[PDB]
Amino acid sequence: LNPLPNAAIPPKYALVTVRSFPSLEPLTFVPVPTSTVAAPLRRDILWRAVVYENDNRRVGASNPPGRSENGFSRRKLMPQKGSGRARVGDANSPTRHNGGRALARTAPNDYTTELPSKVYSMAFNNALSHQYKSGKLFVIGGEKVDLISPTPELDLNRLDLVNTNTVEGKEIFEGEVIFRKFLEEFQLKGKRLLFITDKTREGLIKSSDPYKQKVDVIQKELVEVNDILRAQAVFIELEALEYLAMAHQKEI
Amino acid sequence: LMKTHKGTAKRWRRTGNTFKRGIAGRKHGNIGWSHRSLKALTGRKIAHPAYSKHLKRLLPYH
Amino acid sequence: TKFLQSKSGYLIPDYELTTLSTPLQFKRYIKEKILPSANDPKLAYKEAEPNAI
Amino acid sequence: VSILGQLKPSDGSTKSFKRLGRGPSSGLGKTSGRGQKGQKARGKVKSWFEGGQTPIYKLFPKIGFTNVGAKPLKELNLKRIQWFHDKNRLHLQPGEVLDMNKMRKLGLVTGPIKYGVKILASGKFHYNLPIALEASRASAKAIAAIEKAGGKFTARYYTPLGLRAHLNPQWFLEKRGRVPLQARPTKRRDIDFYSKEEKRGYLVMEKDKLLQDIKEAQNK
Amino acid sequence: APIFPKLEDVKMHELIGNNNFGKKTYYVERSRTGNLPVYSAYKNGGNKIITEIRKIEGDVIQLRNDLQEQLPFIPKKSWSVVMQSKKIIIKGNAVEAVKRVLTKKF
Amino acid sequence: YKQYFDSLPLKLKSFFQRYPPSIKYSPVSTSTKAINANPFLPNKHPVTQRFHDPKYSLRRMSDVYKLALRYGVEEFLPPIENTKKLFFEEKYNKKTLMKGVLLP
RNA sequence: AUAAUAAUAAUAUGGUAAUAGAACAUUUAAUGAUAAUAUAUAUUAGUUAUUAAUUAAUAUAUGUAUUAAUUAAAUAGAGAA
RNA sequence: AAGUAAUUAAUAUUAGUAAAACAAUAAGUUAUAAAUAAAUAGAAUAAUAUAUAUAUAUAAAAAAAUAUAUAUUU
RNA sequence: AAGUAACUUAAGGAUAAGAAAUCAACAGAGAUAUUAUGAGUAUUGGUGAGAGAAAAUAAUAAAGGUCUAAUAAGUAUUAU
Ligand SMILES: [Mg+2]
Ligand SMILES: [Mg+2]
Ligand SMILES: [Mg+2]
Ligand SMILES: [Mg+2]
Ligand SMILES: [Mg+2]
Ligand SMILES: [Mg+2]
Ligand SMILES: [Mg+2]
Ligand SMILES: [Mg+2]
Ligand SMILES: [Mg+2]
Ligand SMILES: [Mg+2]
Ligand SMILES: [Mg+2]
Ligand SMILES: [Mg+2]
Ligand SMILES: [Mg+2]
Ligand SMILES: [Mg+2]
Ligand SMILES: [Mg+2]
Ligand SMILES: [Mg+2]
Ligand SMILES: [Mg+2]
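Residues numbered from 1 in each chain as written, not as in the entry; some residues may be left out. Chains lettered and ligands numbered in written order. Part of a larger assembly, values for the part shown. Heavy atoms only, no water.

This deposited entry lists cryo-EM as its structure determination method and 3.75 Å as its resolution.

Asks: Describe the interface of chain D and chain F, listing the residues and the values that go with them.
Replies: Contact with chain D, which involves 17 residues of that partner, is made by 11 residues of chain F. Between chain D and chain F, the buried area comes to about 1200 Å², and carbon and sulfur atoms account for 64% of it. When residues of chain D are sorted by the area they lose upon contact with chain F, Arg178, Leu181 and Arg184 of chain D head the list and together hold 39% of the total. Taken together, the links from chain D to chain F amount to 0 salt bridges. Inspection of the region where chain D meets chain F yields 3 residue pairs in polar contact. (Contact = heavy atoms within 4.5 Å. Buried area = accessible area lost by both parts, 1.4 Å probe. Salt bridge = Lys/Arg side-chain N within 4 Å of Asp/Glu carboxyl O. Polar contact = N/O pair within 3.5 Å; in protein donor to acceptor, adjacent residues only side chain to side chain.)

Asks: Requested: an account of the protein's contact with RNA strand I, with residues and values cited.
Replies: The local shell around RNA strand I holds 50 residues, among which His5 of chain B, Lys46 of chain D together with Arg18, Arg59 and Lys66 of chain F are the closest. Counted by atom, the contact set of RNA strand I within 4 Å of the protein is 64% sugar and phosphate. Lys62 of chain D is positioned with one of its side-chain polar atoms (N or O) 2.7 Å from a base oxygen of RNA strand I. Side-chain polar atom of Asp63 of chain F to a base nitrogen of RNA strand I: 3.2 Å apart, as the coordinates give it. Every element with two or more residues in the surface near RNA strand I is listed here: α1 (6-11) of chain B, α4 (160-167) and α5 (169-176) of chain D together with α2 (10-18), α3 (58-71) and α4 (88-94) of chain F. At 5 residues, the largest contribution of residues to the surface near RNA strand I is made by α3 of chain F. Here the residues of the surface near RNA strand I are counted per class, giving 16 nonpolar, 12 polar and 22 charged. (Near = heavy atom within 4 Å. Helix = DSSP H or I, 4+ residues; strand = E, 2+ residues; numbered from the N terminus. Nonpolar A, V, L, I, M, F, W, Y, C, P; charged D, E, K, R; others polar.)

Asks: Quick one: what's the story with the sheet that holds strand β1 (residues 12-14) of chain B, residue by residue and with numbers?
Replies: Residue and element names in this part refer to chain B. Pairing is antiparallel across the open sheet formed by 3 strands, whose spatial order is β1-β2-β3. Since the sheet does not close on itself, it has two edges, and those belong to β1 and β3 (44-46), each with one partner. Recorded for the sheet is a direction-independent mean angle of 35 degrees between the axes of neighbouring strands. In terms of strand pairing, strand β2 (residues 19-22) meets β3 through 3 bridges, oriented antiparallel. Following the sheet pairing, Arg21 is matched in β3 by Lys45. (Pairing = 2+ DSSP bridges. Axes fitted to C-alpha atoms, helices over the stretch in contact; angles between N-to-C directions.)

Asks: Describe in detail a positive patch on the surface, supporting the description with residues and values.
Replies: Taken together, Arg104, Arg164, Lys175 and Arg176 of chain D together with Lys66, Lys85, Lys91 and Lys95 of chain F make up a surface patch of like positive charges. As for its position among the elements, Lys85 of chain F is in the loop between α3 and α4. Among the residues examined, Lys85 of chain F registers a relative accessible area of 31% and is labelled partly exposed. (Patch = residues over 30% accessible without salt bridge, like charges linked within 9 Å, V, L, I, M, F, W, Y side chains within 5 Å. Areas by Shrake-Rupley, 256 points an atom, 1.4 Å probe, with all protein chains shown as cover. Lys, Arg positive; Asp, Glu negative; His and termini not counted. Charge placed at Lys NZ, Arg CZ, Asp CG, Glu CD. Buried < 20%, exposed > 50% of the residue type's maximum accessible area, 1.4 Å probe, protein only.)

Asks: Residue-level account of the protein's contact with RNA strand G, with values.
Replies: For RNA strand G, the set of nearby residues contains 33 residues, the closest of which are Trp47 and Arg105 of chain A, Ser2 and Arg22 of chain D together with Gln68 of chain E. The share of sugar and phosphate among atoms of RNA strand G within 4 Å of the protein is 61%. Interatomic distance of 3.2 Å between a backbone N/O atom of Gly33 of chain D and a phosphate oxygen of RNA strand G. Contact distances for RNA strand G include 3.4 Å between a phosphate oxygen and a backbone N or O atom of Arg34 of chain D. Here the surface near RNA strand G gets 3 residues from one element, more than from any other, and that element is helix α2 (residues 60-70) of chain E. Grouping the amino acids of the surface near RNA strand G by side-chain chemistry returns 9 nonpolar, 9 polar and 15 charged.

Asks: Lay out the sheet that holds strand β1 (residues 74-77) of chain D with the relevant residues and their values.
Replies: Residue and element names in this part refer to chain D. Read from one edge of the open sheet, 3 strands run β1-β2-β3, paired in parallel fashion. With one partner strand each, in any of the chains shown, β1 and β3 (137-138) form the two edges of the open sheet. When strand β2 (residues 117-120) meets β3, the two strands line up parallel, connected through 2 bridges. Bridging from a neighbouring strand, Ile119 pairs with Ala138 of β3. Its contacts with the sheet place helix α1 (residues 78-87) against β1 and β2, and it is angled at close to 55 degrees to β1.

Asks: Describe the environment of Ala240 of chain A, listing the residues and the values that go with them.
Replies: All names here are of chain A. As for its position among the elements, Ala240 is in helix α7 (residues 238-247). Linking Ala240 and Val139, residues 101 residues apart in sequence, is a C-alpha distance of 9.3 Å. Apart from residues lying up to four places away in sequence, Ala240 is in contact with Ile196, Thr197, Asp198 and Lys220.

Asks: Quick one: what's the story with the interface of chain A and chain E, residue by residue and with numbers?
Replies: Counting from both sides, the interface comprises 32 residues of chain A and, opposite them, 27 residues of chain E. Of the roughly 2700 Å² buried between chain A and chain E, counting both surfaces, carbon and sulfur atoms make up 68%. For the chain A face of the interface with chain E, the top three residues by lost area are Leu4, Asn6 and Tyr13 of chain A, together amounting to 25%. Scanning the region where chain A abuts chain E turns up 2 salt bridges. Counting every contact that joins chain A to chain E gives 8 residue pairs in polar contact. Secondary structure elements with two or more residues in the side of chain A that touches chain E: β1 (13-20), β2 (25-33) and α7 of chain A. Counted by class, the side of chain A that touches chain E contains 21 nonpolar, 5 polar and 6 charged residues.

This is the structure we're talking about:
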């Protein structure tokens, strides 16, 4: 009579607040799709993405000398019999203390693993969704979209500080100070930060440089799963977030 | 990379999830024997499961 | 929600905003999460030790 | 805390690799799974080394030849076309024929079409499409089913380059400002095949110039 | 066409935390080409056949129960729902029956 | 017009520079000393009486002709009649089928 | 319809070659509170069905664990040459 | 002080996608049809093999072998 | 195993190769070099051990074409 009574249609849009930068002020909501920003947190996929990325990152410079690589002569040290001691060949043997290593690696050691592109995209989405759930995904924008509340006088819609390069009075400069003030306000001085820009925000990275150990400014293209997850709070441009969504959307 | 054993490829051809082969003992000295009896040896033969693994290893791209 | 945030001093997360459909629900959420931490700073959630008791 | 310090693989994904030569209670102790003392214990004999007996790649006579002139067509069943049509994926305007390029575009045939497509008849009963088909060739039963449906098949010759051009004409235009011309069948066997009315070959069905020229030569 | 639509066109019921999708309800999304995600799988060297059902959103247990109710001919035991990826495995080649059951709603 | 000419591919442009269309070059083989000597044909040197190889070797000539065909600048190139190469549709139409094709 | 723990009844639990499953010590990489009332190493005596870790005392270092935990890997464990 | 690495092939388990997968520049590999040394051959004429496809054989069947069919293609 | 080790000789910042007496197949491409697919395919082997292309499509790549030759003879070709 009724075949699948509890069937229903899932929700498809999560609202993310569009903010002005220096002071994270709500300008508008923007409904990003549920697949990007509110996927079910699958850890296994996330793990796969992270390990793969780590493997890709590897330098692989381990270069211990094997018995060939090691630089002794090929001469037999003591004759096979009539020595009163154990049998020896050349001095390069792993068995002896100055000899080369057994089964020695040789740089460059390629540690590169592969991943399906779809899996990687899914993981990327998943990390973003997790970040959103945590309350660690600050979308900054308002240039393209139609606003509700107007942008402040001293803030701006993109992710950058004004007059950073200017430094006339003292050696100290204004963009750094603004950044420090911002950090003080939102209580994230020692916390890891991740600024996902769209285009190269030179002033922002200059402002950051004092807190280079914790703050990582990355482009929209070069951002990683690892970078997203390590971050204590990500600060993404609306346009950059749109681009990422487009990249890692499931195709139809 | 790995490569096919060319003699084995010449002897054996694929048949789904097995290999087919010709019969041995029908190249000379056939006269004197019964023709009906000999007709057993004319056709093809599927690989015996004993050497299936060996055949697979010989022919990696089959 | 913006007004509520401004008066409060605290930030209500985006996911929460999306979820909660009424002012009453928002109030209840606030009572649950922020209020006790505000009252007692030792009771507050720490990031490095998220599974604290 | 960040999730980055609490990620596991899915259950059943990973395993511990069997680690040899690392103590008795490990299981893979001193001998390290090798057994005891033979050639396989300390050295390498080949996996398929049969001992000295005439091996299974020697007893048996070598059979057949590799036809290098062969050009295997990819087979497309009528059933799959019907299924596509039912699904409303078989997008065709009225008059436009379902050619090999068109099939590729749609996703009827998928992967590389190197030599051509043959249309086979695995769902000839439920086939009811009046659209016109065109491929390298078709099965007789498949052809009959197409005719019954109110369709129209034509077996069309394509050299590998000509086929490629047919599949992707825009590429050639991009590169050279000109798609290449479709070749005539030079081979005798090919000419014979497309001259058959039973095969619905294009040379007889379209009444080609090449066939006429051949007839004139024969006469003279 | 636009990835993020404007604020006006999006309804309240379309958002997350509305219409109660989590509690005892589900969805089964079709594939890219537009077919029901139900597949035969030949495990343990073609010896173990099993029917897999993918792309399930929401409560999988409820969905499984509903499918069992629909198909009483399949036993109760042979319905393994793996929770990590949310897919429900059946013992036999019971693909066609499952598809028939699902089609009417999904 | 000048801009359109400039936009032409490099090889074709170079050819036009060094063998310009104002000179009506010969269809037939000529003296190597001649002004109207076709660069695609093998011209005979008058003293030695030895056929010099074409100034544009056959591949290069073919490429030039294909470029001209692409941009519709065929008639400004010197004639390729007595070079045995035909091209594209003209080649297709004018050719006789092989003896093997017509008479197996 | 699961997991953990605990009951009851039953059956099973010697093992070379071998096969299979599960852990621990060590070192590096990713994430990471804390602190001389702490941490590390050593000695002695307790504790937990115990290759391990923990408690206390004592000693020496250090204003401090790439620490607990999860992953990734290994020049990852020696009475036998 | 001793089962390591590279390039490959076959199995298995899981995860992604799924009549497609990987890749998206095209091209290719595997799958989607079974055969046959090979050839222009290739799966219900009205349903389970008693039908059909291929190889031997043939006018066409039968005969051996393997494969294909009983809202939804595997 | 291998035209490898080695010895010997000679050059340059690199050398080598290079603008088709090339490939292909009646359609066409249109220089040489390196890599990926093609492909462990064709091909070949006391048909054992084993050895193994090319076309075509992609990258990397630079402006990549351009005469300097009175157009080439003990040369092509043939036998061995
Ligand atoms: Mg790994
Ligand atoms: Mg007998
Ligand atoms: Mg043992
Ligand atoms: Mg013995
Ligand atoms: Mg021994
Ligand atoms: Mg042994
Ligand atoms: Mg035992
Ligand atoms: Mg060791
Ligand atoms: Mg020792
Ligand atoms: Mg011991
Ligand atoms: Mg016959
Ligand atoms: Mg040699
Ligand atoms: Mg040079
Ligand atoms: Mg060689
Ligand atoms: Mg010359
Ligand atoms: Mg000459
Ligand atoms: Mg000779």
